[PDB]
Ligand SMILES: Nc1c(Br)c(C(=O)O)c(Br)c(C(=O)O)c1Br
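First comes one chain, alone, set out as structure tokens in the form deposited without the named molecule.
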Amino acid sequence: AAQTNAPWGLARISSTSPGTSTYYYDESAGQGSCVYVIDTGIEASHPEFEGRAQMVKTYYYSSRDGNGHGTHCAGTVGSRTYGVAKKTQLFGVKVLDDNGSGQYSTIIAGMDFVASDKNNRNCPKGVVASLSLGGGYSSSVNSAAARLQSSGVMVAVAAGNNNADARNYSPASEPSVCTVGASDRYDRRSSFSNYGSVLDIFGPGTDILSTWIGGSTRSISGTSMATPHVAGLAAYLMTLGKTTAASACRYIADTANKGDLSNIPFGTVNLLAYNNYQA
């Protein structure tokens, strides 16, 4: 399938070259997979989600996304226009308040929630969790992400926006999850993207158009935007039967566009997420 005039990041993940504007993907489109978006919530009523998004948990007085960040990330996973996996099911877990902040204890509870809650959902092609969040190093946050992954969920986490080594941030520094850095439309490392040995993959993260609250759209930048590209890609590849939750990160790295990014420091992988879809 071909989506013309797609956001640059969607076009990038199906291309061997930057500078194109059509997204190419297998029509299965993540059907039968599920992606949990652990964030500020999701505006499930947005027409871009086509009824495929729902809130499953909040730790606050509402499950509504009063911020926009979680809606944007969910849109990159799975919205009809802005999403990688256009037929996946989206489940929102509101661990972040409407100012975008959350206590680590609530974030940990949300991760353990997903590990159990997947047993209450129908995801025959597999389960992914997208974590566009993080703070300073925490062994307990890392361990929660490790448990979620161990439980059979493909966990993708943002590397962080500190232009520094991700070793000092969590859950970015957890080895067993998929830590995602950000690139721009010219195949440069995004100027804010963290780096380091713990990164597994880069995805589009500068000037990413997606859904926003109030039934709107907007373009924002961050490793928070790169992470859902990878989460959606995992869901898409699992639906195709090309990988599994336990190995999706390594499969994405194995099949990535290699050596095409600039300003990647020595010791950080030079790998850009790629669906290898051949029409």
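All residue numbers are counted from 1 along the displayed sequence.
From this point on, the text means the form deposited with the named molecule bound, which you will not see here.
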For residue 244, is any heavy atom within 4.5 Å of the named molecule in the bound PDB entry, or not? yes
Partner proximity in the bound PDB entry: residue 224 to the named molecule, non-hydrogen atom cutoff 4.5 Å: yes
4.5 angstroms heavy atom contact with the named molecule in the bound PDB entry for residue 87: no
Just to confirm, residue 204 within 4.5 Å of the named molecule in the bound PDB entry by heavy atoms? no
Hey, with the named molecule in the bound PDB entry, do 158, 161 and 186 all fall inside the 4.5 Å heavy atom range? yes
For the stretch 16 to 36, return the residues whose heavy atoms include at least one within 4.5 Å of the named molecule in the bound PDB entry, in the order they occur. 18, 19
